>>> print(open('final.pdb').read())   # PDB, C-alpha atoms
MODEL        1
ATOM      1  CA  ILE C1298       0.766  25.774-135.158  1.00  0.00           C
ATOM      2  CA  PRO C1299       4.384  27.072-135.399  1.00  0.00           C
ATOM      3  CA  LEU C1300       4.161  29.534-132.535  1.00  0.00           C
ATOM      4  CA  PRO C1301       6.842  32.259-132.630  1.00  0.00           C
ATOM      5  CA  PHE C1302       9.591  31.584-130.099  1.00  0.00           C
ATOM      6  CA  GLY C1303       8.439  27.966-130.047  1.00  0.00           C
ATOM      7  CA  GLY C1304       9.901  26.129-127.083  1.00  0.00           C
ATOM      8  CA  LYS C1305      10.881  29.398-125.378  1.00  0.00           C
ATOM      9  CA  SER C1306      10.066  29.757-121.687  1.00  0.00           C
ATOM     10  CA  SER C1307       9.121  32.958-119.887  1.00  0.00           C
ATOM     11  CA  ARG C1308      12.713  33.398-118.714  1.00  0.00           C
ATOM     12  CA  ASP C1309      13.978  32.540-122.204  1.00  0.00           C
ATOM     13  CA  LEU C1310      12.260  35.804-123.165  1.00  0.00           C
ATOM     14  CA  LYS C1311      14.534  37.498-120.580  1.00  0.00           C
ATOM     15  CA  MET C1312      11.945  37.717-117.803  1.00  0.00           C
ATOM     16  CA  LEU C1313      13.525  38.524-114.452  1.00  0.00           C
ATOM     17  CA  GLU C1314      14.046  35.494-112.231  1.00  0.00           C
ATOM     18  CA  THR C1315      12.636  37.536-109.339  1.00  0.00           C
ATOM     19  CA  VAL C1316      11.015  40.952-108.938  1.00  0.00           C
ATOM     20  CA  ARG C1317      12.274  42.596-105.741  1.00  0.00           C
ATOM     21  CA  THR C1318      10.606  45.707-104.362  1.00  0.00           C
ATOM     22  CA  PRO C1319      12.746  48.715-103.367  1.00  0.00           C
ATOM     23  CA  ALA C1320      14.016  48.945 -99.794  1.00  0.00           C
ATOM     24  CA  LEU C1321      13.965  52.255 -97.904  1.00  0.00           C
ATOM     25  CA  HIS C1322      16.229  52.994 -94.926  1.00  0.00           C
ATOM     26  CA  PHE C1323      15.593  56.636 -94.025  1.00  0.00           C
ATOM     27  CA  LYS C1324      17.829  57.112 -90.986  1.00  0.00           C
ATOM     28  CA  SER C1325      16.843  60.624 -89.881  1.00  0.00           C
ATOM     29  CA  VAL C1326      13.252  59.531 -89.180  1.00  0.00           C
ATOM     30  CA  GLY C1327      14.188  55.933 -88.343  1.00  0.00           C
ATOM     31  CA  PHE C1328      12.176  54.348 -91.161  1.00  0.00           C
ATOM     32  CA  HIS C1329      12.777  50.895 -92.639  1.00  0.00           C
ATOM     33  CA  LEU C1330      10.998  49.248 -95.584  1.00  0.00           C
ATOM     34  CA  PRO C1331      12.068  45.671 -96.437  1.00  0.00           C
ATOM     35  CA  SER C1332      12.439  44.479-100.009  1.00  0.00           C
ATOM     36  CA  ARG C1333       9.655  42.133-101.115  1.00  0.00           C
ATOM     37  CA  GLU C1334      10.510  39.409-103.631  1.00  0.00           C
ATOM     38  CA  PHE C1335       7.745  38.107-105.906  1.00  0.00           C
ATOM     39  CA  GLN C1336       8.262  35.410-108.518  1.00  0.00           C
ATOM     40  CA  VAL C1337       6.832  35.530-112.039  1.00  0.00           C
ATOM     41  CA  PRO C1338       4.423  32.798-113.221  1.00  0.00           C
ATOM     42  CA  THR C1339       6.245  30.266-115.379  1.00  0.00           C
ATOM     43  CA  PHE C1340       5.179  29.033-118.807  1.00  0.00           C
ATOM     44  CA  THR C1341       6.628  27.633-122.024  1.00  0.00           C
ATOM     45  CA  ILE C1342       5.764  28.374-125.654  1.00  0.00           C
ATOM     46  CA  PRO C1343       4.939  25.125-127.512  1.00  0.00           C
ATOM     47  CA  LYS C1344       7.070  24.468-130.573  1.00  0.00           C
ATOM     48  CA  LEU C1345       3.955  23.278-132.437  1.00  0.00           C
TER      49      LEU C1345
ATOM     50  CA  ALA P2499      33.963  86.780 -93.723  1.00  0.00           C
ATOM     51  CA  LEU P2500      35.851  84.678 -91.177  1.00  0.00           C
ATOM     52  CA  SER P2501      36.188  87.872 -89.095  1.00  0.00           C
ATOM     53  CA  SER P2502      32.449  87.864 -88.267  1.00  0.00           C
ATOM     54  CA  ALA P2503      30.270  85.431 -86.331  1.00  0.00           C
ATOM     55  CA  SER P2504      27.427  85.165 -88.851  1.00  0.00           C
ATOM     56  CA  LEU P2505      29.608  84.708 -91.934  1.00  0.00           C
ATOM     57  CA  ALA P2506      31.881  82.344 -89.996  1.00  0.00           C
ATOM     58  CA  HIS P2507      28.862  80.167 -89.183  1.00  0.00           C
ATOM     59  CA  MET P2508      27.740  80.392 -92.814  1.00  0.00           C
ATOM     60  CA  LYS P2509      31.191  79.248 -93.943  1.00  0.00           C
ATOM     61  CA  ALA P2510      31.125  76.368 -91.453  1.00  0.00           C
ATOM     62  CA  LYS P2511      27.741  75.217 -92.764  1.00  0.00           C
ATOM     63  CA  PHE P2512      28.965  75.598 -96.351  1.00  0.00           C
ATOM     64  CA  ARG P2513      31.975  73.407 -95.557  1.00  0.00           C
ATOM     65  CA  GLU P2514      29.720  70.807 -93.925  1.00  0.00           C
ATOM     66  CA  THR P2515      27.621  70.763 -97.101  1.00  0.00           C
ATOM     67  CA  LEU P2516      30.797  70.447 -99.180  1.00  0.00           C
ATOM     68  CA  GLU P2517      31.934  67.489 -97.073  1.00  0.00           C
ATOM     69  CA  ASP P2518      28.550  65.814 -97.516  1.00  0.00           C
ATOM     70  CA  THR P2519      28.639  66.371-101.286  1.00  0.00           C
ATOM     71  CA  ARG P2520      32.205  65.068-101.582  1.00  0.00           C
ATOM     72  CA  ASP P2521      31.307  61.974 -99.556  1.00  0.00           C
ATOM     73  CA  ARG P2522      28.289  61.349-101.789  1.00  0.00           C
ATOM     74  CA  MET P2523      30.371  61.948-104.923  1.00  0.00           C
ATOM     75  CA  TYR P2524      32.645  59.114-103.784  1.00  0.00           C
ATOM     76  CA  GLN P2525      29.661  56.768-104.268  1.00  0.00           C
ATOM     77  CA  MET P2526      29.417  57.324-108.048  1.00  0.00           C
ATOM     78  CA  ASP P2527      31.213  55.651-110.951  1.00  0.00           C
ATOM     79  CA  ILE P2528      30.433  56.090-114.642  1.00  0.00           C
ATOM     80  CA  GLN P2529      32.452  53.029-115.663  1.00  0.00           C
ATOM     81  CA  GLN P2530      30.457  50.509-113.621  1.00  0.00           C
ATOM     82  CA  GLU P2531      27.084  51.831-114.806  1.00  0.00           C
ATOM     83  CA  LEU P2532      28.218  51.869-118.437  1.00  0.00           C
ATOM     84  CA  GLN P2533      29.516  48.308-118.094  1.00  0.00           C
ATOM     85  CA  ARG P2534      26.188  47.178-116.629  1.00  0.00           C
ATOM     86  CA  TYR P2535      24.311  48.746-119.544  1.00  0.00           C
ATOM     87  CA  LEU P2536      26.733  47.201-122.045  1.00  0.00           C
ATOM     88  CA  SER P2537      26.219  43.770-120.483  1.00  0.00           C
ATOM     89  CA  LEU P2538      22.434  44.161-120.650  1.00  0.00           C
ATOM     90  CA  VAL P2539      22.566  45.239-124.302  1.00  0.00           C
ATOM     91  CA  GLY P2540      24.834  42.320-125.158  1.00  0.00           C
ATOM     92  CA  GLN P2541      22.457  39.919-123.422  1.00  0.00           C
ATOM     93  CA  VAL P2542      19.591  41.305-125.508  1.00  0.00           C
ATOM     94  CA  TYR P2543      21.664  40.873-128.669  1.00  0.00           C
ATOM     95  CA  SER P2544      22.592  37.305-127.727  1.00  0.00           C
ATOM     96  CA  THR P2545      19.018  36.199-127.049  1.00  0.00           C
ATOM     97  CA  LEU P2546      17.724  37.931-130.185  1.00  0.00           C
ATOM     98  CA  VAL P2547      20.303  36.311-132.462  1.00  0.00           C
ATOM     99  CA  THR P2548      19.661  32.967-130.760  1.00  0.00           C
ATOM    100  CA  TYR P2549      16.006  33.242-131.741  1.00  0.00           C
ATOM    101  CA  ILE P2550      17.103  34.332-135.222  1.00  0.00           C
ATOM    102  CA  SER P2551      19.172  31.159-135.583  1.00  0.00           C
ATOM    103  CA  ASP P2552      16.286  29.021-134.317  1.00  0.00           C
ATOM    104  CA  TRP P2553      13.911  30.633-136.807  1.00  0.00           C
ATOM    105  CA  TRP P2554      16.403  30.197-139.641  1.00  0.00           C
ATOM    106  CA  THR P2555      16.812  26.495-138.881  1.00  0.00           C
ATOM    107  CA  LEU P2556      13.036  26.044-138.824  1.00  0.00           C
ATOM    108  CA  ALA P2557      12.563  28.023-142.047  1.00  0.00           C
ATOM    109  CA  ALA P2558      15.302  26.119-143.879  1.00  0.00           C
ATOM    110  CA  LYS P2559      13.789  22.811-142.770  1.00  0.00           C
ATOM    111  CA  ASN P2560      10.326  23.897-143.921  1.00  0.00           C
ATOM    112  CA  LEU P2561      11.689  25.071-147.281  1.00  0.00           C
ATOM    113  CA  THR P2562      13.545  21.792-147.803  1.00  0.00           C
ATOM    114  CA  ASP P2563      10.453  19.741-146.935  1.00  0.00           C
ATOM    115  CA  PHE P2564       8.287  21.881-149.226  1.00  0.00           C
ATOM    116  CA  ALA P2565      10.687  21.395-152.135  1.00  0.00           C
ATOM    117  CA  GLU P2566      10.969  17.660-151.435  1.00  0.00           C
ATOM    118  CA  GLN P2567       7.184  17.374-151.603  1.00  0.00           C
ATOM    119  CA  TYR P2568       7.417  19.466-154.788  1.00  0.00           C
ATOM    120  CA  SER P2569      10.420  17.578-156.257  1.00  0.00           C
ATOM    121  CA  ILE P2570      12.292  20.874-156.697  1.00  0.00           C
ATOM    122  CA  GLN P2571      14.799  20.206-153.928  1.00  0.00           C
ATOM    123  CA  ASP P2572      17.659  21.173-156.251  1.00  0.00           C
ATOM    124  CA  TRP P2573      16.119  24.627-156.622  1.00  0.00           C
ATOM    125  CA  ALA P2574      15.670  24.687-152.844  1.00  0.00           C
ATOM    126  CA  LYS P2575      19.390  23.976-152.488  1.00  0.00           C
ATOM    127  CA  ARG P2576      20.152  26.851-154.855  1.00  0.00           C
ATOM    128  CA  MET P2577      17.879  29.158-152.852  1.00  0.00           C
ATOM    129  CA  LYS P2578      19.421  28.093-149.535  1.00  0.00           C
ATOM    130  CA  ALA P2579      22.882  28.711-150.983  1.00  0.00           C
ATOM    131  CA  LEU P2580      21.727  32.169-152.071  1.00  0.00           C
ATOM    132  CA  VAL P2581      20.257  32.865-148.619  1.00  0.00           C
ATOM    133  CA  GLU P2582      23.388  31.774-146.750  1.00  0.00           C
ATOM    134  CA  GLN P2583      25.717  33.408-149.312  1.00  0.00           C
ATOM    135  CA  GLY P2584      23.742  36.366-150.678  1.00  0.00           C
ATOM    136  CA  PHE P2585      26.393  38.711-152.039  1.00  0.00           C
ATOM    137  CA  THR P2586      29.118  41.050-150.816  1.00  0.00           C
ATOM    138  CA  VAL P2587      28.537  44.806-150.676  1.00  0.00           C
ATOM    139  CA  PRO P2588      31.522  46.460-152.407  1.00  0.00           C
ATOM    140  CA  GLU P2589      33.615  49.089-150.680  1.00  0.00           C
ATOM    141  CA  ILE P2590      32.066  52.538-151.132  1.00  0.00           C
ATOM    142  CA  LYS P2591      34.366  55.489-151.788  1.00  0.00           C
ATOM    143  CA  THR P2592      33.811  58.809-150.033  1.00  0.00           C
ATOM    144  CA  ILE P2593      35.806  61.968-149.399  1.00  0.00           C
ATOM    145  CA  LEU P2594      35.683  61.101-145.676  1.00  0.00           C
ATOM    146  CA  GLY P2595      37.111  57.606-146.209  1.00  0.00           C
ATOM    147  CA  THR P2596      35.973  54.327-147.718  1.00  0.00           C
ATOM    148  CA  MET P2597      33.166  52.174-146.350  1.00  0.00           C
ATOM    149  CA  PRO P2598      34.514  48.611-145.966  1.00  0.00           C
ATOM    150  CA  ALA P2599      32.877  45.814-147.920  1.00  0.00           C
ATOM    151  CA  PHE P2600      30.524  43.537-146.007  1.00  0.00           C
ATOM    152  CA  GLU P2601      28.406  40.453-146.622  1.00  0.00           C
ATOM    153  CA  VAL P2602      24.606  40.507-146.490  1.00  0.00           C
ATOM    154  CA  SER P2603      23.769  36.809-146.279  1.00  0.00           C
ATOM    155  CA  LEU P2604      21.255  35.581-143.725  1.00  0.00           C
ATOM    156  CA  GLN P2605      24.157  33.818-142.024  1.00  0.00           C
ATOM    157  CA  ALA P2606      26.111  37.078-142.260  1.00  0.00           C
ATOM    158  CA  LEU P2607      23.414  38.721-140.139  1.00  0.00           C
ATOM    159  CA  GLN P2608      23.222  35.661-137.885  1.00  0.00           C
ATOM    160  CA  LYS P2609      26.921  36.040-137.101  1.00  0.00           C
ATOM    161  CA  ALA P2610      25.991  39.725-136.660  1.00  0.00           C
ATOM    162  CA  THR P2611      29.603  40.768-137.269  1.00  0.00           C
ATOM    163  CA  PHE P2612      29.900  44.369-138.441  1.00  0.00           C
ATOM    164  CA  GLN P2613      32.745  46.535-139.752  1.00  0.00           C
ATOM    165  CA  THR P2614      32.827  49.974-138.157  1.00  0.00           C
ATOM    166  CA  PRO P2615      33.012  52.463-141.056  1.00  0.00           C
ATOM    167  CA  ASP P2616      36.068  54.543-141.892  1.00  0.00           C
ATOM    168  CA  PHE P2617      34.238  57.795-141.177  1.00  0.00           C
ATOM    169  CA  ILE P2618      35.128  61.366-140.208  1.00  0.00           C
ATOM    170  CA  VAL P2619      32.819  63.270-137.864  1.00  0.00           C
ATOM    171  CA  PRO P2620      31.499  66.414-139.620  1.00  0.00           C
ATOM    172  CA  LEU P2621      33.149  69.728-138.710  1.00  0.00           C
ATOM    173  CA  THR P2622      35.956  67.849-136.924  1.00  0.00           C
ATOM    174  CA  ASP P2623      39.164  65.971-137.693  1.00  0.00           C
ATOM    175  CA  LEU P2624      38.028  62.914-135.703  1.00  0.00           C
ATOM    176  CA  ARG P2625      38.455  59.777-137.822  1.00  0.00           C
ATOM    177  CA  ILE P2626      36.538  56.905-136.227  1.00  0.00           C
ATOM    178  CA  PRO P2627      38.602  53.683-136.423  1.00  0.00           C
ATOM    179  CA  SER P2628      37.239  50.793-138.475  1.00  0.00           C
ATOM    180  CA  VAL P2629      37.118  47.508-136.553  1.00  0.00           C
ATOM    181  CA  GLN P2630      34.889  44.460-136.205  1.00  0.00           C
ATOM    182  CA  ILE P2631      32.267  44.479-133.439  1.00  0.00           C
ATOM    183  CA  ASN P2632      30.095  41.494-132.511  1.00  0.00           C
ATOM    184  CA  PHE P2633      26.644  42.154-131.083  1.00  0.00           C
ATOM    185  CA  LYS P2634      26.095  38.710-129.560  1.00  0.00           C
ATOM    186  CA  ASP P2635      29.485  38.962-127.835  1.00  0.00           C
ATOM    187  CA  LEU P2636      28.911  42.628-126.962  1.00  0.00           C
ATOM    188  CA  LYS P2637      27.977  41.341-123.499  1.00  0.00           C
ATOM    189  CA  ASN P2638      31.575  40.074-123.256  1.00  0.00           C
ATOM    190  CA  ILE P2639      32.895  43.546-124.180  1.00  0.00           C
ATOM    191  CA  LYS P2640      33.988  45.848-121.361  1.00  0.00           C
ATOM    192  CA  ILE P2641      34.052  49.634-121.036  1.00  0.00           C
ATOM    193  CA  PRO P2642      37.704  50.790-121.038  1.00  0.00           C
ATOM    194  CA  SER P2643      38.727  52.891-118.058  1.00  0.00           C
ATOM    195  CA  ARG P2644      40.225  55.427-120.473  1.00  0.00           C
ATOM    196  CA  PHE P2645      40.555  55.821-124.230  1.00  0.00           C
ATOM    197  CA  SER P2646      42.278  58.156-126.672  1.00  0.00           C
ATOM    198  CA  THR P2647      40.251  60.315-129.051  1.00  0.00           C
ATOM    199  CA  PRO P2648      41.583  61.372-132.485  1.00  0.00           C
ATOM    200  CA  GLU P2649      42.747  64.906-133.247  1.00  0.00           C
ATOM    201  CA  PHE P2650      40.216  67.732-132.992  1.00  0.00           C
ATOM    202  CA  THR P2651      39.745  71.183-134.505  1.00  0.00           C
ATOM    203  CA  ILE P2652      37.830  74.228-133.259  1.00  0.00           C
ATOM    204  CA  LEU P2653      36.074  76.557-135.718  1.00  0.00           C
ATOM    205  CA  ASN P2654      37.770  74.537-138.503  1.00  0.00           C
ATOM    206  CA  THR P2655      40.873  76.718-137.958  1.00  0.00           C
ATOM    207  CA  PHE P2656      42.593  75.815-134.674  1.00  0.00           C
ATOM    208  CA  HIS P2657      43.854  72.295-134.021  1.00  0.00           C
ATOM    209  CA  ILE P2658      43.854  70.171-130.866  1.00  0.00           C
ATOM    210  CA  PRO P2659      45.941  66.951-130.743  1.00  0.00           C
ATOM    211  CA  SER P2660      44.432  63.646-129.649  1.00  0.00           C
ATOM    212  CA  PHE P2661      43.051  63.959-126.118  1.00  0.00           C
ATOM    213  CA  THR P2662      42.648  61.158-123.580  1.00  0.00           C
ATOM    214  CA  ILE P2663      39.186  60.693-122.054  1.00  0.00           C
ATOM    215  CA  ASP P2664      39.362  59.015-118.641  1.00  0.00           C
ATOM    216  CA  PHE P2665      36.286  58.238-116.557  1.00  0.00           C
ATOM    217  CA  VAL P2666      38.289  58.602-113.339  1.00  0.00           C
ATOM    218  CA  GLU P2667      39.874  61.910-114.358  1.00  0.00           C
ATOM    219  CA  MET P2668      36.676  63.945-114.766  1.00  0.00           C
ATOM    220  CA  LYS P2669      35.175  62.695-111.500  1.00  0.00           C
ATOM    221  CA  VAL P2670      38.467  63.347-109.703  1.00  0.00           C
ATOM    222  CA  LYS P2671      38.599  66.868-111.146  1.00  0.00           C
ATOM    223  CA  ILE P2672      35.079  67.674-109.948  1.00  0.00           C
ATOM    224  CA  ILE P2673      35.797  66.181-106.513  1.00  0.00           C
ATOM    225  CA  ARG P2674      38.982  68.262-106.358  1.00  0.00           C
ATOM    226  CA  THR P2675      36.971  71.375-107.218  1.00  0.00           C
ATOM    227  CA  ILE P2676      34.691  70.498-104.298  1.00  0.00           C
ATOM    228  CA  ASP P2677      37.769  70.080-102.094  1.00  0.00           C
ATOM    229  CA  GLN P2678      39.149  73.445-103.229  1.00  0.00           C
ATOM    230  CA  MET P2679      35.819  74.974-102.241  1.00  0.00           C
ATOM    231  CA  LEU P2680      36.289  73.224 -98.888  1.00  0.00           C
ATOM    232  CA  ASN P2681      39.881  74.490 -98.561  1.00  0.00           C
ATOM    233  CA  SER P2682      39.066  78.102 -99.538  1.00  0.00           C
ATOM    234  CA  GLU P2683      39.339  79.474 -95.985  1.00  0.00           C
ATOM    235  CA  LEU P2684      42.278  81.650 -97.074  1.00  0.00           C
ATOM    236  CA  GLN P2685      43.053  80.113-100.486  1.00  0.00           C
ATOM    237  CA  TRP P2686      41.899  80.556-104.074  1.00  0.00           C
ATOM    238  CA  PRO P2687      41.309  77.493-106.296  1.00  0.00           C
ATOM    239  CA  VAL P2688      44.008  76.762-108.856  1.00  0.00           C
ATOM    240  CA  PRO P2689      43.403  78.179-112.368  1.00  0.00           C
ATOM    241  CA  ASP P2690      43.804  74.638-113.722  1.00  0.00           C
TER     242      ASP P2690
ENDMDL
END
>>> encode(input="final.pdb", output="structure tokens")
Amino acid sequence: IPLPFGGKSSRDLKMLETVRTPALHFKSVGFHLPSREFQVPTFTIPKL
Amino acid sequence: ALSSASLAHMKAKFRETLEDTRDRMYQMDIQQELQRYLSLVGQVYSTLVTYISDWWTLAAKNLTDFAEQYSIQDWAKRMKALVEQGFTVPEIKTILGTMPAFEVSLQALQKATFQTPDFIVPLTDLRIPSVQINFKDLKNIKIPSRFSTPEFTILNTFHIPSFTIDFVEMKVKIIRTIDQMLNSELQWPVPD
């Protein structure tokens, strides 16, 4: 089966290497929210 | 206003707000954001045309194999030559300039090289320059700090020579307006 984008990985489709959550540093109330980094499952599209 | 306690306090608070706004304004730049967007768009173009080239290689191979199995490989060669050569679009004449000729072969699209038209913006004297722009390499293109714009007309009667658009200049002008608001204790902002 000639799959479209055959041999193209998830990142080859421009998927972000890492998804990092926003970080909040409200100083008036003394709040701090760290950024959380979660990877994306990896896969490859078979050429045939 | 400075001769009264309440309005003096109001002016002090207004100047504090102005200082905060001016400090925040220092943390903004149009050029960097535009360059980031240009880089992203160029990356998209590059990956897309890469897949286009991959698909074209696969399709040409499949066509050649099909013709070989069909013993019409000469006709397949003719068709591949047509695909990779197509034909050239002739220059198109218009009152607002001439559209440059361009090639429409599959490889012409794969190179993705495009001639910017010799065009005049309606209701203005702005003539957009014609030059070659690559979409794959658009990620390697940068946003100029400033650029000159062609001549302009207002109401089709009055004329305005070419004006320079600078990303720094507009931001600096707005920040200077904020500063003038800050320095309006006994002063009036310049008419400029």
>>> interface_residues(input="final.pdb", of="chain P", to="chain C", cutoff="10 Å", atoms="all atoms listed in the file", output="NGL selection string")
:P and (2541-2542 or 2545-2546 or 2549-2550 or 2552-2553 or 2556)
>>> resolve_selection(input="final.pdb", expression="the PyMOL selection byres ((chain P and resi 2595) around 12)", output="VMD selection string")
chain P and resid 2589 to 2594 2596 to 2598 2614 to 2619 2624 to 2628
>>> resolve_selection(input="final.pdb", expression="the PyMOL selection byres ((chain P and resi 2690) around 12)", output="PyMOL selection string")
chain P and resi 2671-2672+2674-2675+2678+2686-2689
>>> write_last_selection(input="final.pdb", atoms="C-alpha atoms", output="compact mmCIF listing (two decimals), keeping the file's coordinate frame")
# COMPACT_ATOMS: atom_id res chain seq x y z
CA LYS P 2671 38.60 66.87 -111.15
CA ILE P 2672 35.08 67.67 -109.95
CA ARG P 2674 38.98 68.26 -106.36
CA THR P 2675 36.97 71.38 -107.22
CA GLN P 2678 39.15 73.44 -103.23
CA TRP P 2686 41.90 80.56 -104.07
CA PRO P 2687 41.31 77.49 -106.30
CA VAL P 2688 44.01 76.76 -108.86
CA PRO P 2689 43.40 78.18 -112.37
>>> resolve_selection(input="final.pdb", expression="the PyMOL selection byres ((chain C and resi 1318) around 9)", output="list in words")
residues 1316, 1317, 1319, 1320, 1331, 1332, 1333, 1334 and 1335 of chain C
>>> atom_distance(input="final.pdb", atom1="CA of residue 2663 in chain P", atom2="CA of residue 2646 in chain P")
6.1 Å
>>> residues_around(input="final.pdb", residues="residue 2654 in chain P", least_positions_apart="4", cutoff="10 Å", atoms="all atoms listed in the file", output="number ranges by chain")
P: 2621-2623, 2650
>>> closest_residue(input="final.pdb", among="P:2664, P:2677, P:2635, P:2582", to="residue 2544 in chain P", atoms="all atoms listed in the file")
P:2635
>>> residues_around(input="final.pdb", residues="residue 1341 in chain C", least_positions_apart="4", cutoff="8 Å", atoms="all atoms listed in the file", output="list in words")
residues 1304, 1305, 1306 and 1307 of chain C
>>> write_last_selection(input="final.pdb", atoms="C-alpha atoms", output="CSV table (one decimal), in the coordinates of the input")
chain,number,residue,atom,x,y,z
C,1304,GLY,CA,9.9,26.1,-127.1
C,1305,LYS,CA,10.9,29.4,-125.4
C,1306,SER,CA,10.1,29.8,-121.7
C,1307,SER,CA,9.1,33.0,-119.9
>>> closest_residue(input="final.pdb", among="P:2660, P:2666, P:2554, P:2500", to="residue 2642 in chain P", atoms="only C-alpha atoms")
P:2666
>>> closest_residue(input="final.pdb", among="P:2665, P:2558, P:2565, P:2579", to="residue 2641 in chain P", atoms="only C-alpha atoms")
P:2665
>>> atom_distance(input="final.pdb", atom1="CA of residue 2655 in chain P", atom2="CA of residue 2620 in chain P")
14.0 Å
>>> atom_distance(input="final.pdb", atom1="CA of residue 2682 in chain P", atom2="CA of residue 2508 in chain P")
13.4 Å
>>> residues_around(input="final.pdb", residues="residue 1314 in chain C", least_positions_apart="6", cutoff="8 Å", atoms="all atoms listed in the file", output="compact mmCIF listing (two decimals) with C-alpha atoms, in the frame of the given file")
# COMPACT_ATOMS: atom_id res chain seq x y z
CA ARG C 1308 12.71 33.40 -118.71
CA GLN C 1336 8.26 35.41 -108.52
CA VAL C 1337 6.83 35.53 -112.04
>>> decode(input="final.pdb", residues="range 2613-2625 of chain P", atoms="N, CA, C and O atoms", output="compact mmCIF listing (two decimals), in the first residue's frame")
# COMPACT_ATOMS: atom_id res chain seq x y z
N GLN P 2613 7.55 34.80 -9.83
CA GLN P 2613 7.82 36.20 -10.18
C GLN P 2613 6.71 37.08 -9.62
O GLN P 2613 5.54 36.92 -9.98
N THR P 2614 7.07 38.01 -8.74
CA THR P 2614 6.09 38.96 -8.23
C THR P 2614 5.60 39.83 -9.38
O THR P 2614 6.42 40.36 -10.14
N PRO P 2615 4.29 40.00 -9.55
CA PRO P 2615 3.79 40.71 -10.73
C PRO P 2615 4.13 42.19 -10.71
O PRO P 2615 4.30 42.80 -9.65
N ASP P 2616 4.24 42.76 -11.91
CA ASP P 2616 4.36 44.21 -12.07
C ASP P 2616 2.96 44.79 -11.98
O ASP P 2616 2.26 44.91 -12.99
N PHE P 2617 2.54 45.15 -10.77
CA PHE P 2617 1.16 45.51 -10.48
C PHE P 2617 1.10 46.84 -9.76
O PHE P 2617 2.03 47.22 -9.04
N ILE P 2618 0.00 47.56 -9.97
CA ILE P 2618 -0.25 48.85 -9.33
C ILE P 2618 -1.48 48.70 -8.44
O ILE P 2618 -2.53 48.25 -8.91
N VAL P 2619 -1.34 49.07 -7.18
CA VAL P 2619 -2.45 48.95 -6.24
C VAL P 2619 -3.58 49.88 -6.67
O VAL P 2619 -3.32 51.05 -7.00
N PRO P 2620 -4.84 49.42 -6.70
CA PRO P 2620 -5.92 50.30 -7.16
C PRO P 2620 -6.05 51.55 -6.30
O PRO P 2620 -5.81 51.53 -5.09
N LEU P 2621 -6.42 52.65 -6.95
CA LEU P 2621 -6.65 53.94 -6.30
C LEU P 2621 -5.38 54.50 -5.67
O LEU P 2621 -5.46 55.39 -4.80
N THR P 2622 -4.22 54.02 -6.08
CA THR P 2622 -2.94 54.52 -5.58
C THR P 2622 -1.92 54.47 -6.70
O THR P 2622 -2.13 53.84 -7.74
N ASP P 2623 -0.80 55.15 -6.48
CA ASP P 2623 0.32 55.15 -7.40
C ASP P 2623 1.38 54.13 -7.02
O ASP P 2623 2.47 54.13 -7.61
N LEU P 2624 1.10 53.26 -6.06
CA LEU P 2624 2.07 52.27 -5.60
C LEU P 2624 2.24 51.19 -6.65
O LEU P 2624 1.30 50.47 -6.98
N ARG P 2625 3.45 51.08 -7.19
CA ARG P 2625 3.80 50.03 -8.14
C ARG P 2625 4.64 48.99 -7.41
O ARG P 2625 5.78 49.27 -7.01
